[PDB]
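Peer 1: Protein chains in written order, with the entry's author numbering: chain R, 12 to 282, 436 to 506, 532 to 570, 584 to 754; chain G, 15 to 118; chain T, 200 to 265; chain F, 24 to 102; chain H, 36 to 128; chain S, 57 to 83, 94 to 111.
Just so it is clear, CB atoms sit at the ideal spot from N, CA and C, and this is done for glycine as well.
Supplied in structure tokens, the structure appears directly below.
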């Protein structure tokens, strides 16, 4: 039975807002500006109070002639307002800042803030690794001008999650983050991110869902229904997993016994003398069939086999005549030039060398009628399991072309493990970059004073504290695969510890909350208004949780 | 230094067809891949015609290429006849064809 | 490769299958990795006769290769 | 019922516009065939013309210039 | 300096049929055939350049014109060989 | 009022600014830019 996918169900209750009585103008406020989701909430809580997608519609009413504005969870109310949602991001960067300003106004309204001449609370913000100068210039401009914020700090969400799971702030470990638009590997020494050795792969969840959409479009070119992005996201979330060993799983992914358990079928939603001699021959055949049915059936089966062999030989001859480079075409050209370079028999040969395109079809129809008569005489007295292509489209079951339900079915057999493999082999997605395990190997075995063969104490402490974060770590089998690769390339007896939280998409905001609750190391990262007015927007605050300067 | 025909791995010239495209007033601007694409197409067409002509000349057991062999190669082939169903030939002749009932 | 510590014998099993796609056609045979550990230890018992040592010390052409 | 969109009164009308009087009762299929090959030639040329123009709908301008390529030029729908 | 294609088709005949010669009337057949194909393809490419408000002829217009002129198997083999030649020429590094 | 400044030309003006600064410094060494963070191609086939 094929499961039916559709759009995700719409939200019913609208987004509420916090009471203005509990607001105080001195507590900090943490904002996780993500490419896929926004996470905001006050510092004194442990979980953020507002999680909604980063989206915005400019709703137009035909009757009231008024431009409306729906942000985030309020866009999850109508299908038309869901389909027209727009993001402020374009790739890994932000292009239009009016949308960001409107979204920030929306989330300031929903937090129950009563302001005066701007927001009095200092903000906590995340930023991309090695961000462009224009981005931090625009962020400084919009904050310190349109919102009058006293303090701003910038950091990477991976280091925030690492600080959340190592609150002492001086540990040594390795961070792997699988984000929406990129995947990063950052080594941490004594709580400070070594950004001269971080690496980035241009692949994320968005490229993975686009890859699945392209694979499904190329697999079924005559699919009558158009599928949306959210449906492909549901298929990516539900039936995709990381294989333990991709190099040998593809050899047995299309056998019949493996396809019994590892095949997913997805259903699209939809709404007189000759007559006397012939009669005597028929009577004699009926008497022979009543007298000896076994011998007559054997003779009819032999005649049907001879007719089938003749039809196969005729089809082989017709296929061989179609090849211009075949020896039959060369013999035809030799006979034709032999009638064009240098008797009744030669006349019959010239008559027999004529083209017979429709005569061959008529003879094939006559042979098919004769084979049908032979099958009827046998009754009176091509396997799809050997087709890899049939197993690739339609799985281990026979296919009915006339079934309306089978015309909307979609099978997922090779694509369950092919989609998540691109973060380990980026060449399959079109990026000429090394994989996750290759970058981790060249970090651990040839850097931080570690010759290949023996590990320094920094490398041992890095291996002992590996943390996996990011929203794209929801894929099953990721931790076991990374552990297997890591024990593959390391020396024997090395202790490997890999930590992954229950929800690896909310650890960054918990990192902001843990940094803001820790008062002592807060003040190394805050940037005042006077600081921005003195050293200008070209200013980078060097600290253990954020970016560094471009040069030395 | 060296010509563009060996740079693109061809025997037909590239600058010659670039020149002939230039003042042939087809357009006032001509890209760089235009002569190499035209050169490769002309390569393939001449090679195919020469293959079939050599096969017909060998089929005649005669060591030169005579336009009767060109006519045989043009009309024996299917889509070469379709491409050349308009052009009349010099000293080529007619392929032997007798309709079936004229044989007694 | 294959290295015996006590004797010093060296046997080349073949190229690893991680380098199988450096070329489309190659003379080299490709074998997978050992699933085992690199270091293996085992105790064995050897049984020889006096005639075996007699014929080992009395080779007249000379000591042949392995 | 795919090719059966065109029918007996339609090609009866077309043959009557050819000025014929007596038709045969099974001239149906070869007329359906030449119908099919004429359309697939014309819209194959139109599809190539609109493919090069990065226009993923087929316009009238493309098909009249496809006919003018084919030597059956039409007047009135552009040119 | 009367200009003709004689030497080039002499060599590409010579790489497959070494002991074969060409007559002069046949020599003229291949010369006229090459010039006719050149004229047809170039005027179709110019017509397709004037189609799209475009003042430049590039490889894409000639690929479309080759797909328009030739029959199908000749067309797919011609665009395959031409694409291989273009990628050979462009990666001259 | 700002221009749109899409994601393709942000890379262009960033590395042109980096190249301008480096050519000024030549007439110094980068530490952590957007192009040094990029992962190198792999060494295995």
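(1) For residue 257/R versus residue 98/S, is the C-beta spacing smaller than 8 Å?
(2) Please classify residue 251/R: does DSSP put it in a helix, a strand, or coil?
(3) Could you tell me whether the Cβ atoms of residue 50/G and residue 121/H are closer together than 8 Å?
(4) Check whether the Cβ of residue 107/R lies closer than 8 Å to any Cβ atom in chain S.
(5) Under the rule that 16 or more other beta-carbon atoms within 10 Å means buried, what is residue 707/R, buried or exposed?
(6) Could you tell me whether any Cβ in chain R is nearer than 8 Å to the Cβ of residue 236/T?
(7) Consult DSSP for residue 725/R and reduce its assignment to one of helix, strand or coil.
(8) Please list the partners that residue 539/R has in chain G, where partner means a Cβ-to-Cβ separation under 7 Å.
(9) Could one say the Cβ of residue 107/S lies closer than 8 Å to chain T's Cβ atoms, at least one of them?
(10) By how many angstroms is the C-alpha of residue 92/R removed from the C-alpha of residue 25/R?
(11) Where do the ends of the alpha helix (DSSP H) carrying residue 202/R lie?
(12) What are the partner residues of residue 93/F, as DSSP defines its beta bridges?
(13) Quick check on the burial criterion: 16 or more other C-beta atoms within 10 angstroms. Buried or exposed for residue 516/R?
(14) DSSP three-state call for residue 52/R: helix, strand or coil?
(15) Return the residue from the list 599/R, 735/R, 655/R, 638/R that minimises the CA-CA distance to residue 108/S.
(16) With a threshold of 16 other CB atoms inside 10 Å of the CB of residue 71/R, please say whether the residue is buried or exposed.
(17) Would a check of beta-carbon distances place residue 221/T closer than 8 Å to chain S?
(18) Considering just the uninterrupted stretch of the alpha helix (DSSP H) at residue 40/F, what are its terminal residues?
(19) Considering residue 43/R, what are the terminal residues of the beta strand (DSSP E) in which it resides?
(20) So is residue 96/S in contact with chain R if we call contact Cβ pairs under 8 Å?
(21) Starting from residue 81/G, trace the alpha helix (DSSP H) both ways and give me its first and last residue.
(22) Output needed for residue 214/R: all residues of its chain with C-beta closer than 8 Å, excluding positions within five of it in sequence on either side, in chain order.
(23) Which value, in whole angstroms, describes the spacing of the CA atoms of residue 112/G and residue 31/F?
(24) Any C-beta of chain T sitting closer than 8 Å to the C-beta of residue 660/R?
(25) If I follow the unbroken alpha helix (DSSP H) through residue 497/R, where does it start and stop?
(26) Compare the C-beta of residue 74/G against all C-beta atoms of chain R and say whether one is closer than 8 Å.
(27) If you follow the beta strand (DSSP E) that residue 238/R is part of, which residue opens it and which one closes it?
(28) Just to confirm the assignment, what range does the alpha helix (DSSP H) spanning residue 42/H have?
(29) Return yes when the C-beta of residue 66/F is under 7 Å from any heavy atom of the ligand MG, and no when it is not.
(30) Please classify residue 585/R as buried or exposed, where buried requires at least 16 neighbouring CB atoms within 10 angstroms.
(31) Closer than 8 Å by beta-carbon distance: list the chain C residues that pair up with residue 76/F, in chain order.
(32) Taking the C-alpha atoms as reference points, what is the distance between residue 221/T and residue 201/R?
(33) Would you report the Cα separation of residue 203/R and residue 178/R, rounded to the nearest angstrom?
(34) For residue 90/G, return the contacting residues in chain R, with the cut-off set at a CB-CB distance below 7 Å.
(35) Do residue 669/R and residue 173/R count as a contact pair if the criterion is CB distance below 8 Å?
(36) Nearest chain R C-beta to residue 76/S closer than 8 Å, yes or no?
Peer 2: Taking the coordinates as given:
(1) For residue 257/R and residue 98/S, no; Cβs fall outside 8 Å.
(2) When DSSP states are grouped into helix, strand and coil, residue 251/R belongs to the coil group.
(3) In this structure, residue 121/H lies closer than 8 Å to residue 50/G by Cβ.
(4) Put simply, the CB of residue 107/R is near chain S, with a gap under 8 Å to one of its CB atoms.
(5) Under this definition residue 707/R is a buried residue.
(6) Interface residue, yes.
(7) In the structure shown, residue 725/R sits in coil (DSSP, three-state: anything other than H, G, I, E or B).
(8) Correct list: 112.
(9) So, not an interface residue.
(10) Cα-Cα distance, rounded: 14 Å.
(11) Where residue 202/R is concerned, there is no enclosing alpha helix (DSSP H), given that its DSSP letter is neither H nor E.
(12) DSSP lists no bridge partner for residue 93/F.
(13) Chain R lacks the residues between 506 and 532, and residue 516/R is one of those with no coordinates.
(14) Residue 52/R falls in the strand class under three-state DSSP.
(15) Checking every option, the nearest Cα to that of residue 108/S belongs to 638/R.
(16) The Cβ neighbour count for residue 71/R, taken over all protein chains shown within 10 Å, is under 16; the residue is labelled exposed.
(17) Yes, because at least one Cβ of chain S sits closer than 8 Å to the Cβ of residue 221/T.
(18) Note, residue 40/F: alpha helix (DSSP H), 31 to 40.
(19) Looking at the DSSP string, the run of the beta strand (DSSP E) that includes residue 43/R is 40 to 44.
(20) Yes, residue 96/S counts as interfacial toward chain R.
(21) It spans 81 to 90 - the alpha helix (DSSP H) in which residue 81/G sits, taken as one unbroken run.
(22) The residues are 193, 194, 624, 625, 628, 631, 633.
(23) Our two residues, residue 112/G and residue 31/F, have alpha carbons roughly 38 Å apart in a direct line.
(24) False, the Cβ-Cβ gap to chain T never drops below 8 Å.
(25) That run of the alpha helix (DSSP H) goes 491 to 502.
(26) At a cut-off of 8 Å between C-beta atoms, residue 74/G counts as an interface residue with respect to chain R.
(27) In the DSSP assignment, residue 238/R falls outside any beta strand (DSSP E) and carries neither an H nor an E.
(28) Looking at the DSSP string, the run of the alpha helix (DSSP H) that includes residue 42/H is 41 to 49.
(29) Among the components of this structure there are no ligands whatsoever, and the ligand MG is therefore not found.
(30) In summary, residue 585/R is exposed, with fewer than 16 beta-carbon neighbours lying within 10 Å of its beta-carbon over all protein chains present.
(31) In summary, chain C is missing from the structure at hand, where the protein chains are R, G, T, F, H and S.
(32) Straight-line Cα distance between these residues: approximately 41 Å.
(33) Answer to the nearest angstrom: the Cα atoms are 13 Å apart.
(34) Here the neighbours are 497, 500.
(35) Contact flag set, yes.
(36) Not closer than 8 Å to any Cβ of chain R, the Cβ of residue 76/S fails to qualify, so no.
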